[PDB]
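Order of the sequence lines sets the chain letters (A, B, ...), proteins ahead of strands, with each chain counted from 1. FYI, side chains are in, hydrogens and waters are out, and symmetry mates aren't considered; it's all heavy atoms of this structure.
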Amino acid sequence: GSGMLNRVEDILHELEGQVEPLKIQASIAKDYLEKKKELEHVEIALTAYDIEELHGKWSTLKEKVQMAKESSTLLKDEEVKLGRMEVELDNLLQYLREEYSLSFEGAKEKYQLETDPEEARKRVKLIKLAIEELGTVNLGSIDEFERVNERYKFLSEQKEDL
Amino acid sequence: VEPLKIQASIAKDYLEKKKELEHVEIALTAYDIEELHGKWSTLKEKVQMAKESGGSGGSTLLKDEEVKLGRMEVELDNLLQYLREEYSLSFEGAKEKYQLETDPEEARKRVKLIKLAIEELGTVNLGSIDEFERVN
């Protein structure tokens, strides 16, 4: 014979059971990735905003401290504040590199706030909560669903010759 | 034993992607440092000539550029810190060891893609490589 003993119905039944479950996980995973994308966009914009704002404040204060010197406890208090700003500024800049591989210029160019920063920060919290409420996410299910579904479709729509 | 092979293959794929990620991240950092330093050099020169043109006193446009010049310096310093702290590298070390294979913007897209592919592997057990090599 030129035919096959194994019926395609068997593999189809084995796969059909797998389609819908993977579809659910994949739909959850895509939703997660969408919220993650939104979160990242807002966080990059906030980071660039905070860097420019904080550097501006630190620059100004550092100039006033140095201007006053050239002219004791009060002075020390300002220097402590300068130190705190410097640590925070360094952290923000290094965060930009480590988390996004973006320069400040690159971040600002592509992502700027479209609301006041506090509104953006609240938005960040709300997106994080939404992500958290998705529970356990299986990212691999997106690719796994694609493979299983395409295979199932291939065999289904051509079962007559399989 | 087969559930091990799966686990071990995942672990090795994880290691390979992390190497891939590191190379593009450091290559970009070295590239960005040199580009930023060039922009800083260009702007600093431009600031100087403005003070020579005269009448720039109290100019808010000149002040904006001076603040920008300062922010560039702080960013450069922090990029150098990042190389030291994260990879124990100097700028020249990073540049010489890690060269971009593509244009910078495509590399930036690649960074996010590799990170996602890594995250897609889920929880990785590196020790599965060991107990797999043990079954043989």
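With B/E66 as reference, B/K51 is the one residue of B/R71, B/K46, B/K51 to meet the salt bridge (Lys or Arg N to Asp or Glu O under 4.0 Å) rule.
To the nearest 0.5 Å, the span separating CZ on A/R7 from NZ on A/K159 amounts to 9.0 Å. The distance from atom CG of A/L61 to atom NZ of A/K81, rounded to the nearest 0.5 Å, is 8.5 Å. Atoms OG1 and CD, on B/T60 and B/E65 in that order, are 10.0 Å from each other to the nearest 0.5 Å. In this structure, the separation between OG on A/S27 and CD on A/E20 is 11.0 Å, given to the nearest 0.5 Å. From B/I10, atom CD1 reaches atom OG of B/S128 across 8.0 Å, with rounding to the nearest 0.5 Å.
There is no path of hydrophobic side-chain contacts, each under 4.5 Å, that joins A/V65 to A/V87. Under the 4.5 Å side-chain heavy-atom criterion for grouping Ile, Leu, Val, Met, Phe, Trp and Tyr, A/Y152 is connected to A/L162 within one hydrophobic cluster. No chain of hydrophobic side-chain contacts below 4.5 Å, direct or via other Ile, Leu, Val, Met, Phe, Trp or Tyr residues, connects B/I6 to A/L22. Under the 4.5 Å side-chain heavy-atom criterion for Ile, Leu, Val, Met, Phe, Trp and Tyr, B/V124 and B/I118 are members of the same hydrophobic cluster. At a threshold of 4.5 Å between side-chain heavy atoms, the hydrophobic network of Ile, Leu, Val, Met, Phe, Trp and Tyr places A/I127 and A/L139 in one connected group.
Closest non-hydrogen pair, B/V111 versus B/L21, comes out as O-CD1, 3.7 Å. Residue A/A120 comes nearest to A/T115 through the heavy atom pair N-OG1, 3.7 Å, listed as atom of the first residue, atom of the second, then distance. When all heavy atoms are compared, the tightest approach of B/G93 to B/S90 is N-OG, 3.1 Å. Of all non-hydrogen atoms in A/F104 and B/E75, the two that sit nearest each other are N-OE2, 2.8 Å. Heavy atoms only, all atoms of each residue included: B/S56 and B/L62 are closest at OG-CD2, 3.6 Å. The minimum heavy-atom distance linking A/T47 with A/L92 is given by the pair CG2-O, 3.8 Å.
Applying the side-chain contact (heavy atoms from CB on, under 4.5 Å) criterion to A/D31, with sequence neighbours excluded, gives A/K35, A/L134. Shown here are the salt bridge (charged side-chain N to carboxylate O under 4.0 Å, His left out) partners of A/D143, two or more places apart in sequence or in another chain: there are none. A/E160 is linked by a side-chain contact (heavy atoms from CB on, under 4.5 Å) to nothing, counting only residues two or more places apart in sequence or in another chain. Remark: B/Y87 pairs with B/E22, B/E25, B/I26, B/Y82, B/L89 by the side-chain contact (heavy atoms from CB on, under 4.5 Å) rule, at least two apart or across chains.
Judged as a ring pair (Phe, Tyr, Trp, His ring centres under 6.0 Å), the pairs with a partner in residues 4-43 of chain A (not counting sequence neighbours) are, in order, A/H41-A/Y111.
A/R123 and A/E119 are joined by a salt bridge, as a carboxylate oxygen and a charged side-chain nitrogen come within less than 4.0 angstrom of each other. In summary, B/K63 and A/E63 engage in a salt bridge, as defined by a charged side-chain N under 4.0 Å from a carboxylate O.
A heavy-atom distance below 4.5 Å is not found between the side chains of A/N149 and A/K23. The closest side-chain heavy-atom distance from B/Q7 to B/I129 is not below 4.5 Å.
No more than 12 heavy atoms of other residues, nucleotides or ligands lie within 6.0 Å of CG in A/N6, so this atom counts as exposed by the packing criterion.
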Review point. So B/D77 and B/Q81, side chain to side chain donor-acceptor pair (under 3.5 Å) or not? Walk me through it.
Key: CA-CA 6 Å; B/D77 187 88; B/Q81 298 186 40; 2.7 Å; yes

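In this structure, A/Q18 contributes its side chain and A/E14 its backbone to a donor-acceptor pair below 3.5 Å.
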Donor-acceptor contacts under 3.5 Å from residues 31-42 of chain B side chains, at least two apart:
residue	atom	partner	partner atom	Å
B/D32	OD1	B/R108	NH2	2.6
B/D32	OD2	A/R97	NH1	2.9
B/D32	OD2	A/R97	NH2	2.7
B/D32	OD2	B/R108	NH1	2.8
B/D32	OD2	B/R108	NH2	3.4
B/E34	OE1	B/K95	NZ	2.9
B/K39	NZ	A/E105	OE1	2.6
B/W40	NE1	B/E73	OE2	2.9
B/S41	OG	B/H37	O	2.8
B/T42	OG1	B/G38	O	3.0

